[PDB]
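Close look at the chain arrangement
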Amino acid sequence: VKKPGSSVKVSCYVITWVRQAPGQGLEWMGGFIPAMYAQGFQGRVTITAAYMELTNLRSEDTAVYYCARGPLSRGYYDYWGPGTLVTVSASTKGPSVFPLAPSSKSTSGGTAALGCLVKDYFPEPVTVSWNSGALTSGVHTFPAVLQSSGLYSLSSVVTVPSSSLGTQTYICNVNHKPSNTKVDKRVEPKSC
Amino acid sequence: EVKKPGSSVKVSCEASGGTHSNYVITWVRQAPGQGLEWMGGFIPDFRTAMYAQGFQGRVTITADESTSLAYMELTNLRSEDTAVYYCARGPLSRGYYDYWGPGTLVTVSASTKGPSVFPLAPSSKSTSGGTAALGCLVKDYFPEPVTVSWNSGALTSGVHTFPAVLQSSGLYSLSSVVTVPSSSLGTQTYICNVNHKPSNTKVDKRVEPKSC
Amino acid sequence: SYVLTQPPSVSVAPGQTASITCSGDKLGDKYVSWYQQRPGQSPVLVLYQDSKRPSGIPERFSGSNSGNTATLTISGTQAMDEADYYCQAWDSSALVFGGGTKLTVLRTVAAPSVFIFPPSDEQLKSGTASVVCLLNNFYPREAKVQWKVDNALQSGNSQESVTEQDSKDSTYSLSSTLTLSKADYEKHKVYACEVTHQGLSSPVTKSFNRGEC
Amino acid sequence: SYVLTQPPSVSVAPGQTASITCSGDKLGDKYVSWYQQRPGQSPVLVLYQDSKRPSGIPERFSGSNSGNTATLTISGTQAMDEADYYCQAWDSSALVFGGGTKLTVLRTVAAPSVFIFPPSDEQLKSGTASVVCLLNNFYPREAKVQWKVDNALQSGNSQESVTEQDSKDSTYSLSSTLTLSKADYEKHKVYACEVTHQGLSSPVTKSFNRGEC
Amino acid sequence: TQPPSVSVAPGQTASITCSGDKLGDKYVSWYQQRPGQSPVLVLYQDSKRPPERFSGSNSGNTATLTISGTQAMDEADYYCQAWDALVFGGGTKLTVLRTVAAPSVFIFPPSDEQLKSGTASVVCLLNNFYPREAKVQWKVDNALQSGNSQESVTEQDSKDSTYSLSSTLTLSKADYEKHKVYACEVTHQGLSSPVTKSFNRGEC
Amino acid sequence: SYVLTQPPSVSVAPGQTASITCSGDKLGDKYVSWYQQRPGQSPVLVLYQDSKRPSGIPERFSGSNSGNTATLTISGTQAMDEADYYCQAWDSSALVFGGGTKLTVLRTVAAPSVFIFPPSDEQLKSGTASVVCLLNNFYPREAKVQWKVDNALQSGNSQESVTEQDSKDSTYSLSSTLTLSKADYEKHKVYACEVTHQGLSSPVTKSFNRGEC
Ligand SMILES: *[C@@H]1O[C@H](CO)[C@@H](O[C@@H]2O[C@H](CO)[C@@H](O[C@@H]3O[C@H](CO)[C@@H](O)[C@H](O)[C@@H]3O)[C@H](O)[C@H]2NC(C)=O)[C@H](O)[C@H]1NC(C)=O
């Protein structure tokens, strides 16, 4: 997996290049006559000879390139060469903490559930502590789940006596070393 | 037995024969699964009565001492007046109602009105197979039945007329679908012929492809 | 005692020929006669004296008697030929009726044709939208329709009405309505009708955007 | 207009206390009364003048009225206290009934007890053999009994009977009896009665070998 | 702009449409790309071609890619190429369905020699049928059975797509000596209702 | 030939006492030893000479011998006691091992505690909402959730994550998250979360109106 923002080169009558993201279609960038560049990738494509260089790779550049060659002035391309695959991964982003307010209705069981939700963080892993590690009874930390976009999410939940809701301070402590991030978020019942 | 719309009903409760009663009669109505409502009051000792605001105009409470019976007359019944009518009797001046009598079920059957016709647009996407399905919708009518015929009854090859289905409100819905070749969609006149005898409703409705 | 035996049942497909046998001991030396009985109806004679048919019965029916087996032959069997068949004969001054033979015709499977119709323009002026999805001719009665608006399965607001198979046919025809209300039809761009049934390789979905018709 | 409000529904498990609140404006000044209505019956008084109770009601019922809420307190809830409770109050020379409250007692799943009784010797001599399987004191109602005769699932020739629900416990009972002929029972060697039902981690079979004892 | 997907039965004619203003004035080229394989040209300059099942045209505002005698190896994603800069339209997917087919069910009794070896084998055979999903049930004397039957299946023929299934039921000796009636019940698409073929023990 | 008999299998819930019987004619007249074998492991000794036990065995293990039956009594049954047990005996200058007996230690079914937490008021500023439905301790892994928003079953926009059972327990914990676009959350007043699982008489649904009432 190439590092994001780096540069990669592709080495391949008129010679042209086409990019195909997985299950998205064919994308054309330019051609070269032993140069022409597409409007979309005017600033990130360099053609030299023959090979072409891409710069400033981002999330959407994951695709497979093909070396296609066509006649001088035929308007069509044949001999689609073997495809070359690339894989960007992502930018590294810290988490954002949101509270999960405890139920505002009293329960006969005298039990309520709290929790802080962590999402939009890359790469794994993250650690969560409650009250600077002072509370470790009935604590759950569900495993991270890969979100559709490409980031992660994680949840933590603690069950405590109902009478201990408005008389104690509950704080979600979250740290993320890869982004040198540390955030504390208070969890309190919604005002009504 | 179904009470016809515009009629009246009489709910009967035991009443004092002309002596000390020591109880205030009442009435209560409960639409199916909708809670309880107040209707009117009565104090045997004092002939006076007391009616609720909602049913102010449609109620009237009278009693007969010879038969030791009292009843309330409700007139101009509507579909909203299909419910179960109770009859309670509480203490004289305490105000809590006790000894609820057996329920009485009163039913009415909506009203009669003609149907409304709306057309279902034919296929918009070009179907080269040669089969475009038309059809007009007939709904919001009562009572059974209604008849649908196409092109003044001259088209009976492929016509489908699904049986009527009872809507939630109480009225009825019915459909009718005809399949015709695609190439004959912009050259022939398709007309529904919906007829409802009880309401003497006869309405036509052209059906054509929606403009695009 | 004398007994005539017949196969309990027989199965065939439309347009084929079915053979029903009323066999016995030296049964070829007696005059047999076959009776056809539809369920709930009195028996009607179909053959007397082996092969001499009566007047009115279609020529398709034909039978013969020889050896120890007598056969009734049907050609071009259709959906109207389903009925029990009974054999007859006289022996020792005692009538004998053969065991009931059940002739069944297995009807072919036909896939449904499905359409979706948007709601009329006029109805929206009355504050009510009703999207109707239809299933045309299809034999196997088992069918399932599922309305999903904006890819969200819905339930509790749909009704179903079906007809009966045509006399000279075997296919039903189904239709389903989705009663909505304005301020709900005004959203959820994508509307869809999903139908599952035999014949179809996979469920087929017919959709239409709320806008642009 | 004067309106009273109650929570649409309340659910509790047996042995716990349930609270129902009828809330209005300055409702503490009135004399609220509570009515209990079981389905398809007539409401019966349960509380008058806040707390006082009539004669013929269990001591469990209790209520209160202060501030802006009148609360009905039910203790030791059991299966016979599922019904609708309504709130009353006189105001501005017009009676006012509260909104309907539905109270539901959540039942507890109880696994069945399954037995199998072989056919008695005298009945066997009579010429018919019967095998009976009994499931008693189980809940919910759904339960499937599947017989087996030497790893051969049985279809037909089986009668099913279910008793009425028990009010105190809310548990049914089900007897499934298998009837065979003498010779058929004499053949084969193993019999079993497979039961599948909620509350059982895996199906339980009570088998016996005939002739052994 | 191209249709998202196209579905056709083998041996039928399928048309792929590439739409665009002035497309009729311009030319068009078509490429075929199998899953995981580089695209290969199928047609250039409207009708110019480098088998003969391929056929294309370009006029007005639509160019049609017509295929004749579609077979199982014609499935792929097709693209429409035109110049205006190089513009590539959304790909179109073509599938080769094949149609349902009922299975011809046969039942054979146990040979008259195996019995001398104290073992019986009743075999119920299913002939050509395309949809692989099939189910057989051995009910002897109207009583389902399980745990004593094995299924073996082959692969579809080259010029066909139909499987074939054989279910062997092994009965220990002195067990086949009873249960007068044997049967084999099969369920599958195409069949209107389950079809059971049954044979009496000693009918002949 | 000398043969001993043992029960095929035994099932017991935690915290109870299980007894396994090794039976045989004149069996109690001699000395017996019990072997415990875990799957894929060399058997080990748990008892020798009826009641004498070796070092390394806890006080829970116990056994008795008398008459024509030898009993292995186990106290404080737990998941670590899952194994097969064999009964040993000497006779006629030949060893004799009894048939294997399997021990099963299941855990009693539990019922989950379900909570639903509305979306934050700090997410919405980020143009997204996420309603989370949490299922608390519950042993049987098989569980289901079905997000219903405005009474419209949804699919394709929710994920489930689950942890492993605790050391001194056998209970999982499941959380289900429903991610909605900002605009879509502004509609559909009602929201719900339904759950089905063993130990629940009927499915339980916890809902919260979008108004945050
Ligand atoms: C004022 O006084 C009483 C008010 O109740 C009225 O007289 C009532 O009339 C009834 C009806 O006739 C009488 O009772 C009847 O007795 C005979 C017995 O054979 C029979 O007619 C019925 O079985 C009925 O029971 C009785 O005179 C009296 N009711 C009583 C005493 O309960 C009277 O008409 C009222 N008005 C005037 C102007 O007096």
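Reading guide: rules and limits
- Throughout, residue numbers begin from 1 within each chain and advance along the sequence as written. They need not agree with those in the entry, and any residue without coordinates is left out.
- Following the order in which they are written, the chains are lettered starting with A and the ligands numbered starting with 1.
- Consider the displayed chains a part of a larger assembly; each reported value belongs to this part rather than to the entire assembly.
- Working from all heavy atoms in the structure, the side-chain values ignore hydrogens and water.
- Residues with missing side-chain atoms are left out of burial classes, side-chain pairs and their counts.
- Every helix listed is a DSSP run of H or I at least four residues long, and every strand listed is a run of E at least two residues long, numbered separately from the N terminus.
- What the globule rule says is 2.2 Å times the number of residues to the power 0.38, and the radius of gyration is computed from C-alpha atoms.
- Each residue's exposure class comes from its accessible area (1.4 Å probe, protein chains only) as a fraction of the maximum for that residue type: buried when under 20%, exposed when over 50%, partly exposed otherwise.
- Only heavy atoms matter for contacts: two residues are in contact if any of them lie within 4.5 Å across the pair.
- Only strands joined by at least two bridges in the DSSP assignment are considered to pair.
- A fitted line through C-alpha atoms serves as each axis, taken over the contacting stretch for helices, and the angle formed by two N-to-C directions is quoted from 0 to 180°.
- In this analysis the probe radius is 1.4 Å and the grid spacing 1 Å, with only protein atoms considered; a cavity is a set of points the probe fits into but cannot get out of, a pocket is an open set with protein on both sides within 12 Å along at least five of seven lines, and lining residues have an atom within 4 Å of a point.
- Grid points are joined across faces, edges and corners, and a volume is the space filled by probe spheres set on the points.
- The term salt bridge refers to a pairing of a side-chain nitrogen on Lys or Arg with a carboxyl oxygen on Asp or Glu at a separation within 4 Å.
- Defined by distance alone, a disulfide is two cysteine sulfur atoms within 2.5 Å.
- Among buried residues, those of type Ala, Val, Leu, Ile, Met, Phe, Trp, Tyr and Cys that are joined through side-chain atoms within 4.5 Å constitute a nonpolar core.
- Take the accessible area each of two parts loses on contact, using a 1.4 Å probe, and add the two losses: that sum is the buried area.
- Any pair of nitrogen or oxygen atoms within 3.5 Å is treated as a polar contact; in protein, a donor-acceptor pairing is required on top of that, and neighbouring residues in sequence qualify only through side-chain atoms on both sides.
- In the scheme used here, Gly and all other residues not listed as nonpolar or charged are polar, with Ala, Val, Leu, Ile, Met, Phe, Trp, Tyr, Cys and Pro taken as nonpolar and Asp, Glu, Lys and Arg as charged.

Right, let's get into the overall build of chain E. The helix and strand inventory of chain E stands at zero helices and 16 strands. For chain E, the C-alpha radius of gyration of 27 Å lies well beyond 17 Å, the compact-globule estimate for 204 residues. C-alpha extents for chain E along the principal axes are approximately 85 × 30 × 25 Å.

This brings us to the side chain of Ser-175 of chain C. Position of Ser-175 of chain C among the secondary structure elements: in strand β14 (residues 172-179). On the accessibility criterion, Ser-175 of chain C (4% relative accessible area) is buried. When sequence neighbours within four positions are dropped, the list of residues in contact with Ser-175 of chain C reads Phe-162 of chain B together with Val-132, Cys-133, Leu-134, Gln-159, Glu-160 and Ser-161 of chain C.

Now for the sheet that holds β14 of chain C. In a beta sheet, neighbouring strands are held together by backbone hydrogen bonds and run either parallel or antiparallel to one another. Residue and element names in this part refer to chain C. Spatial strand order, β10-β11-β14-β13: four strands in an open sheet with antiparallel pairing. Of all the strands in the sheet, the pair left with one neighbour each is β10 (114-117) and β13 (158-162). Each neighbouring strand pair of the sheet contributes to a mean axis angle of 15°, computed without reference to strand direction. Across seven bridges, strand β11 (residues 130-138) lies against β14 in antiparallel orientation. Looking at β14, one finds that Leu-134 is bridged to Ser-175.

Once that is clear, we can look at the sheet that holds strand β2 (residues 14-20) of chain A. All names here are of chain A. Spatial strand order, β4-β3-β2-β7-β8: five strands in an open sheet with antiparallel pairing. Both outer strands of the open sheet, β4 (36-37) and β8 (84-85), are each paired with one neighbouring strand and no more. Pairing analysis gives five bridges linking β2 to strand β3 (residues 27-32), with the strands arranged antiparallel. Note that in β3 the partner of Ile-15 across the bridge is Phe-32.

Here we come to the layout of surface pockets. The computed volume of the second largest pocket comes to approximately 970 Å³. Together, 31 residues line the second largest pocket, and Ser-11 and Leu-106 of chain C together with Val-195, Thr-196 and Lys-197 of chain E are the ones closest to its centre. When contributions to the lining of the second largest pocket are tallied by element, the ones reaching two or more residues are β1 (9-12) of chain C together with β10 (105-108) and β16 (195-200) of chain E.

With an omega of 0°, the peptide bond running from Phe-142 of chain B to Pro-143 of chain B counts as cis. Unusually for a residue other than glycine, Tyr-79 of chain A sits at a positive phi of about 55°. As for its placement among the helices and strands, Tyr-79 of chain A is situated in the loop between β7 (64-70) and β8. Given the relative accessible area of 59%, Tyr-79 of chain A is considered exposed. Of note in the backbone geometry, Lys-26 of chain D takes a positive phi value of approximately 55° without being a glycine. Its location among the elements puts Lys-26 of chain D in the loop between β2 (18-23) and β3 (33-37). On the accessibility criterion, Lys-26 of chain D (60% relative accessible area) is exposed.

Attention now goes to the interface of chain B and chain C. Across the boundary between the two partners, chain B contributes 20 residues, which contact 19 residues of chain C. Those elements that place two or more of their residues in the side of chain B that touches chain C are β10 (116-119) and β14 (165-166) of chain B. If you tally residues by element for the side of chain B that touches chain C, the top one is β10 of chain B, at three residues.

Turning to the pattern of salt bridges, a few remarks are in order. The full count for this structure, using the stated rule, is 32 salt bridges over all chains. Put simply, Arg-58 of chain B and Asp-81 of chain B hold a salt bridge, and the shortest N to O gap is 2.8 Å. Residue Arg-58 of chain B is located in the loop between β4 (46-51) and β5 (61-64), and its partner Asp-81 of chain B is located in the loop between β6 (69-75) and β7 (83-86); the two are separated by 23 residues in the primary sequence. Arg-58 of chain B gets classed as partly exposed once you look at its relative accessible area, which sits at 24%. On the basis of relative accessible area, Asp-81 of chain B is assigned to the buried category, the value being 5%. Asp-84 of chain F is the partner of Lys-102 of chain F in a salt bridge, and the nearest nitrogen-oxygen pair spans 3.2 Å. On the criterion of sequence distance, the pair formed by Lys-102 of chain F in strand β9 (residues 101-104) and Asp-84 of chain F in strand β7 (residues 84-91) is long-range, its members being 18 residues apart. Residue classification places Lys-102 of chain F among the partly exposed residues on the basis of a relative accessible area of 44%. According to the relative accessible area criterion, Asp-84 of chain F is buried, its value standing at 17%. Three or more residues are tied together by salt bridges with common partners; here these are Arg-19, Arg-58, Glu-60 and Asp-61 of chain A.

Okay, the state of the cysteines next. This structure, assessed with the given rule, holds twelve disulfides over all chains. Each sulfur in the disulfide pair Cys-116 of chain A and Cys-172 of chain A lies 2.0 Å from the other. Between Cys-116 of chain A and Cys-172 of chain A, the S-S dihedral sits near 55°, and the bridge is therefore right-handed. Linking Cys-116 of chain A in strand β10 (residues 111-121) with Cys-172 of chain A in strand β15 (residues 171-176), this pair joins segments that are 56 residues apart in sequence. Taking relative accessible area as the criterion, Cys-172 of chain A reaches 1% and is therefore assigned buried. Put simply, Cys-133 of chain F and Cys-193 of chain F are joined by a disulfide, and their sulfur atoms are 2.0 Å apart. With the S-S dihedral at roughly -90°, the linkage between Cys-133 of chain F and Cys-193 of chain F falls on the left-handed side. In this pair, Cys-133 of chain F is assigned in strand β11 (residues 128-138) and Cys-193 of chain F in strand β15 (residues 191-196), connecting sequence segments 60 residues apart. For the pair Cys-133 of chain F and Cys-193 of chain F, one class covers both residues: buried. Sequence-ordered numbering of the bonded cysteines in chain A yields a pairing of 1-2, 3-4.

Another aspect to go through is the nonpolar core. Counting residues in hydrophobic clusters, the biggest one holds 39 residues, and the most contacted among them are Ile-25, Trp-27 and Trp-100 of chain B. Breaking this core down by element, the ones donating at least two residues are β1 (8-14), β2 (24-30), β3 (37-43), β6 and β7 of chain B together with β4 (44-48) and β8 (94-97) of chain D. Among the elements that take part in this core, β2 of chain B stands out by supplying four residues, more than any other. Sequence-distant contacts of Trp-27 of chain B, that is, excluding residues within four places in its chain, are made with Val-11, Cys-13, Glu-37, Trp-38, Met-39, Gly-40, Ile-61, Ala-70, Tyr-71, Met-72 and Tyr-86 of chain B. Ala-18, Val-32, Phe-61 and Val-105 of chain F belong to the second-largest nonpolar core, a separate cluster that totals 23 residues.

Here chain C and chain D are not in contact; the least distance found between their C-alpha atoms is 20 Å. Left apart from each other, chain B and chain F have a closest C-alpha approach of 18 Å.

Chain B puts 16 residues into the contact, and the matching count from chain D is 16 residues. Taking both partners together, chain B and chain D bury about 1500 Å²; carbon and sulfur atoms supply 62% of that area. Where chain B meets chain D, there are zero salt bridges. Summed over the shared surface of chain B and chain D, the number is eight residue pairs in polar contact. Split by residue class, the side of chain B that touches chain D holds nine nonpolar, six polar and one charged.

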